[PDB]
Amino acid sequence: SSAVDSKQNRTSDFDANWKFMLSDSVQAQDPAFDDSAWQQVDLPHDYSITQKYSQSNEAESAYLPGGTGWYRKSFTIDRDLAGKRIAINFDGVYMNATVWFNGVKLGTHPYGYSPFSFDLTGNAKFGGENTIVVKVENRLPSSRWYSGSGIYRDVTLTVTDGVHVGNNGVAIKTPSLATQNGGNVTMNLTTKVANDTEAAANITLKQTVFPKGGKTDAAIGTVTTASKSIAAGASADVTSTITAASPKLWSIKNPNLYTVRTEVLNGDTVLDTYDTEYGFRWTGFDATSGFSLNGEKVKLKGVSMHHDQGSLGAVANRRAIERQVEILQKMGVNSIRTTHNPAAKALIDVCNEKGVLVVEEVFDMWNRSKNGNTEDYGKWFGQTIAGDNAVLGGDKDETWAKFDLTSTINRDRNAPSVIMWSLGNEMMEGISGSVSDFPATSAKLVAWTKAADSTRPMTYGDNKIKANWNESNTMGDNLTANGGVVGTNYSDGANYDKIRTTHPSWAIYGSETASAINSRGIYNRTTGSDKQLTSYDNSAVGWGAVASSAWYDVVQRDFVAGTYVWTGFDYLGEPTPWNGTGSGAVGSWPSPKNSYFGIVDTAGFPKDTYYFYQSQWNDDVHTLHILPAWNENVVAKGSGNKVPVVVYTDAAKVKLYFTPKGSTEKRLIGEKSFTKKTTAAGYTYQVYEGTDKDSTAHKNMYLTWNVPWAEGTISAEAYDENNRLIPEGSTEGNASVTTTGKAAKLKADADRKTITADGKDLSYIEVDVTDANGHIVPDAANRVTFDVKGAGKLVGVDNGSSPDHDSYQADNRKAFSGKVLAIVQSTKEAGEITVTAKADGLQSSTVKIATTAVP
Amino acid sequence: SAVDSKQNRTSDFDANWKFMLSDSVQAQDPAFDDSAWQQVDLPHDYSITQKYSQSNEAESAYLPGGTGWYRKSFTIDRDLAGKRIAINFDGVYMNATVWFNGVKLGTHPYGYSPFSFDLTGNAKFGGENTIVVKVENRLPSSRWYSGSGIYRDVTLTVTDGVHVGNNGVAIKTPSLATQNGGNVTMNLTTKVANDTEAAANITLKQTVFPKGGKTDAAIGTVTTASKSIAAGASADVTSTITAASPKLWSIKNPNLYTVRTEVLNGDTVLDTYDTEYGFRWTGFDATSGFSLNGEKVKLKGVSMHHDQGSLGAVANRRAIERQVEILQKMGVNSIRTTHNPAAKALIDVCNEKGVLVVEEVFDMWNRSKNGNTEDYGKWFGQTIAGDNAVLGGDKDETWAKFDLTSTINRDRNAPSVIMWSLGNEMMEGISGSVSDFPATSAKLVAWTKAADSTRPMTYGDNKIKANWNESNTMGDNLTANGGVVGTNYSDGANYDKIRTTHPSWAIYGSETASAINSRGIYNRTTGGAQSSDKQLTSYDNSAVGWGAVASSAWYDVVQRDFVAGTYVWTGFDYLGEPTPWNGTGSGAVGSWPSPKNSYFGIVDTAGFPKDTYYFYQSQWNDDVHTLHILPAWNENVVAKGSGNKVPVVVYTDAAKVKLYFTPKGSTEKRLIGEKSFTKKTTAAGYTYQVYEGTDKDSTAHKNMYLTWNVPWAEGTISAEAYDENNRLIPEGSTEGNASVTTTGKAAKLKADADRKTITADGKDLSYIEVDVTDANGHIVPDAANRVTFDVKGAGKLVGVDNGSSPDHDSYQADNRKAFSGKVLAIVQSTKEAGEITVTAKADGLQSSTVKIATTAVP
Ligand SMILES: [Mg+2]
Ligand SMILES: [Mg+2]
Ligand SMILES: [Mg+2]
Ligand SMILES: [Mg+2]
Ligand code: NA
Ligand code: NI
């Protein structure tokens, strides 16, 4: 805003027109402070991503500095809001925020990932100039991965009448849904109503359930409560029951959403209108056969995902986040674990609308700091909250851990995508001292979660289960006794079996799996020189497993509910095997600064293993993908100059061919068929059982041929169980690879060629480097320069390469393995964006993006 | 890429080239590494793919030129061995240098005339050969968009050592007018060369037969007496064919003949050479004008620049042929190739289509124009170097004579070509005295009369109307030599004085009108105010200060038997010269993006006609009827004068028009008005119509059409046409919009391909017009929706266009805004037969899909 007045929506965007300064000496909380030389910024904003890399920082957190940042916004509150209540909401600030309003200190908030709020009412100047100030102190080292710094999530203002529904004030339960499904469904609601006026109110609620977007004419249930007197200055929980007439279920394939609207009446008139989003669905976890959704067995085909958005840094841009989910859905992913901290609300929103199941994790460490990170949340978890700290969002009577956990649950309690609360990750890993206190701390978190929300199972991800620690056994039983689910980090097949034998009562899953480490487009070796790693699936960390192995072990076992592979997307920091937990660079500078863990790189460009997962997980598409790229200077030659050719596919049978350079005739190289296996619960998977099968069982989840090198084309044909061809139009992946010429042309394409002109929406522009005939040159690293004209601007450039230290805010970047990305953002005026990609000696490429005015 | 006998005597050499843009590289060596260079098929324009820049000139569309290198490596078989080889260029713009296998063959300045190089002397038989062309379009070189590079076809000629010379056959029929119907005498002259090491005893067997074309249907043959021609020498062999009753080449029946020359040495045939011909004669009388084959004909002509719109300067045969087809439908029967030799392809189409061509060779002479220090003005008078082995025309004087005779040599037998034009406004936009021009003029005239005697020479002079002494002197020299004087931009009053003070001259409007209009713009009826949307009215009330509106320039010509005809500037819009936002130096005009193609065109660059097209159709095409109404009838596009009355204009050739109105929501039409034309007849017997009612316009020429002032209201304005006997003229025999209706909002695209089956040769095109219409199919008059094209199958997208001048969007993109409801995609076939699928899409609108068949070469 620049001015706040009636009638903005009850909750309105407050992202625009802030001023920013990086200084650990300035004191700028006074409204009369001169900030004329400060940067003007729109939020969300990350001030680590704009600073330089430095060897004096830590590899763990991408060698980037944190620091003390100040944010100021001056805005008018019109006289017409005089008797209204005003609050400011932060979906996240990393970290150690301090908030002032018109010179008065309101309070503080340590945790960089939980949402919080401040009432502004008591200090507001109605009919005047106002100044809100936020001091942020990301004092390093505070993180095991790249955190970023600043107000990296959206900010809103909430304006209401004196009588109003409390912050996150509606809870909905449907405890008999499974039985009532298709008929009248009982909704039990509880609504906190606050009377912040100087007279008693006679309150009735009018609550309505209707399809999202969506008018009240199409409601499927309503209720009006009996009159309840709420005294001046008091609040009350108001229980109500809605009978919902045959609601449509929220499922992965059809994620139906409803709006649940609460109108607060006092006397005869409506004073407040509160909406919350809801979906009808139920889940189950069973010790013997795993997970179910709405009464149907479902395998949790999941990824772990850190919060950052690549070249954008920590900024929680809704489209950036929506794009990640889309790319993951294409892989066959149906679930995300928010490692290791609450997600942005934007992710929750996207998963509600797209039909993705979320395991929302709240904490990494508990009351013991990890990896030498003396300023991490470990230092805060068990501290108390000062009585004059006015911060709002959760329970304030015990510790920060209770506040941040209940604050997170309060925000997302009605979101259908969220299926479990995860309370910790590897709590006893990388810390110092006794772990004798960890069972009691766990039981305490479990009790708080149960009392906050009875509708979902709680969990955690624990890596000492495989080591059989007593503390872990005790903690596991405690989860179970409270209807929770036990997540084991990095167990193999044999350990899954041991847990199941040793603990028959536990419902279990793979809460962190694989940790395969690969670069994109790397073929001149097949096993784990140039600060890159093979793209073949034969490279994992010592405690981890390659992708085929971690899946093979899960797919055979109905009692292992699912897997959350580490990770879906590469993220900034933890550049294992070049990681470092203290100060200083690893290997020669520039050192790898982002992860190798991801199936998809930071730019959103899939690595080869993407198509293995797709062949395993996506039953809505077929897959046929060949590696390696077929250029002499990128392949690996084994015995007899034979190259390992790998095919990932969900087909029943594959024929492999070769075409010589300059020929139009292909000859047959090989032919292989899979075997269908079926588990007791009815899950099916495919394995190769021919007599030339690999000696390692899991590698038979895919196909390998040893092919002599020669210039030309390797191509594949796919057949179903009835020996009918599976045509190219129905199949994803590279069904052929060919020897390319030298780089000659750029080829750009935008993912969405029409976007919203709201100063927020993004268009992602992939640029390929190709030869004269359009084949992507596999090792091309040509420097590409973007020229953006019209109603938008370049906000990022990326190539996903870990050792690339070039600025993400530059207008140019080297391609890596033939690809480079540019990200363009709209303005607040409708128009058109023209983007030209250029490289020396190559043909240029132009895309055209239209931007449309907000309805 | 290899040349094997018996591939045709002349074969298409367009495929498999390599190109790089660089003024630094030196790539004339066969060893030079091509591997990173772009791969291109000719013809090719490398200006059109570059970006617009305010650093360039408005005149030439704000596009750059630069240095382009072309490389082709190929193998010469032993299947040949000992034969003569030559490479032929129809055009390279400009300043070309040629190496072969490393040896510099020579250079050629002019970007518009054809040329050749013998490759025999430096060839590698049985081995590998590398031809290299360097192109240097140093800007500023042109008053309009030229393009750069090898923008016309390239061929190889492979012959025996004893062979007909290049363009080696000249045909004359001096007594055709008398002999017509009977035996017609053909006087031939053939250059025969003996590039062997021994003498040869030669006879010629020449045969004339109908095009396509067996010799069993010949109408004349001759065998010459044995001539001895020595080794290393050539001899002009005259001969005579007696043609038995040849069918004439005329506009309605353009009969074409193949004249085949066999060269015999001893018993056998050593070389066989063909040239296209047509039997026809013309006259220019100072009193009654022009005639073809004894019959008076009025030259209804347009000026046409070389480029093909979104394709740039590329002389694609189908793009060329489509232009002519569109002009023919307008009733045009003659084209002036302004201001430079045409592509041979354009001479081929007119030969076949029955269009009269005036082939102009030069713009400026030996004085450069418009600050264009690198135009042909600096080369015109230069001499040709002794070691410059470039072939085509005479080399003993200047480039002026070389390019002039090279053009005459290529097309001396073309039946379509009626005149040679030797310049255009030679004294305009130059510095210094003009004292020297009457001499330069007389020299060019002498060069032409000596080169080809069968055609009159001419030029286009804009200083006659200003009565310059030098123009009088030059016109007299024209006349003395059997010439015809073309005057640029004379009106009725000035045509008459010319006729009075110079009674011996035969004259015509060499350049006329220069009306300036956008396609589909109606919210103002004049260019009387200064525009603000970078467009101009579609009403014919807009022309440059030296020019005239279309009805006025035609009114003046039709009334005067002594003005043989007109060549309207222009038939089609072209890139560059974007008057009245033109600029002759560097920098942009008005706010950027600045207008970058012309407004002069009757038809826009995409081939969509402007409204005035149907005015000309009503004046010119006697094979169709015309009934056309403007404006479009939406409230936000019309212009309201007094009383909220909109000027409605009807262009028609009918005798009588009834004008109606139908209120929105009704099916009942009411009569608004009714008007009838009067027929007029000149001394020579030409007829035209003018309105002489009591409510006629006070300006006479505006009465060649009909106007009504009509109050605005939602609904449909429609028209009925009647002949002189009061019998209705049905819609099925009439062209134009005979109704206009208030549309709804844009709802759907309607796509259509002009040809639904094209040739799979990698050259042929299908033109896909897309209209933005409402739910009921009416074109929304101001629709500017961005349309995106998905091309799949045996073809590819090569251009997109909307004809809008200030639109700078790349012509190579797969999308473009429509302009005034219309947009077009050009698609090209591949060399494999198949099916092309093209889907047009736009946000919020229904899509439209067409399928194009492509069929193999037989
Ligand atoms: Mg992202
Ligand atoms: Mg599948
Ligand atoms: Mg100039
Ligand atoms: Mg007619
Ligand atoms: Na992998
Ligand atoms: Ni550390």
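Scope of the values below: all heavy atoms of this structure, side chains included, with no hydrogens, waters or symmetry mates. Residue numbers start from 1 in every chain, and the chains themselves are labelled A, B, ... in the order their sequence lines are given, proteins ahead of strands. Order of listing sets the numbers, starting from 1, for every ligand and every atom in it.
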Participant: Do any of the N, O or S atoms of A/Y536 sit under 3.0 Å from the Na ion (ligand 5)?
Facilitator: no
Participant: Only N/O/S atoms count here: what is the atom of A/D537 closest to the Na ion (ligand 5) called?
Facilitator: OD1
Participant: Any N/O/S of A/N618 under 2.8 Å from the Mg ion (ligand 2)?
Facilitator: yes
Participant: Name of the A/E58 N, O or S atom nearest the Ni ion (ligand 6)?
Facilitator: OE1
Participant: How wide is the angle at the Na ion (ligand 5) spanned by A/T609 OG1 and A/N518 OD1, rounded to 10 degrees?
Facilitator: 110°
Participant: Nearest 10°: the angle subtended at the Ni ion (ligand 6) by A/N373 OD1 and A/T581 O?
Facilitator: 170°
Participant: Considering residues at least two apart in sequence or located in another chain, which fulfil the ring-ring contact (aromatic ring centres under 6.0 Å, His included) criterion with A/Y611?
Facilitator: A/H625
Participant: So, A/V621 and the Mg ion (ligand 2): N/O/S under 2.8 Å, yes or no?
Facilitator: yes
Participant: Distance check below 3.0 Å: does A/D608 bring an N, O or S atom to the Na ion (ligand 5)?
Facilitator: no
Participant: Please find the N/O/S atom of A/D650 nearest to the Mg ion (ligand 2) and write down its name.
Facilitator: OD2
Participant: Output, in order, the C-alpha distance, side-chain angles, deciding distance and verdict of ring-ring contact (aromatic ring centres under 6.0 Å, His included) for A/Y552 and A/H698.
Facilitator: CA-CA 6 Å; A/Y552 191 62; A/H698 68 81; 7.1 Å; no
Participant: With the Ni ion (ligand 6) as the reference point, give the N/O/S atom of A/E60 that is nearest.
Facilitator: OE1
Participant: Of all residues at least two apart in sequence or in a different chain, which pass the salt bridge (charged side-chain N to carboxylate O under 4.0 Å, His left out) check with A/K672?
Facilitator: A/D692
Participant: Below 4.0 angstrom, N of the basic side chain to O of the carboxylate: do A/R139 and A/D24 qualify?
Facilitator: no
Participant: Kindly give the heavy-atom pair with the smallest separation between A/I726 and A/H622, and that separation in Å.
Facilitator: CG2-CD2, 3.8 Å
Participant: Is NZ or CZ of A/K655 both nearer than 6.0 Å to the six-membered ring centre of A/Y719 and within 45° of the ring axis?
Facilitator: yes
Participant: Any side-chain heavy-atom pair from A/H306 and A/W566 closer than 4.5 angstrom?
Facilitator: yes
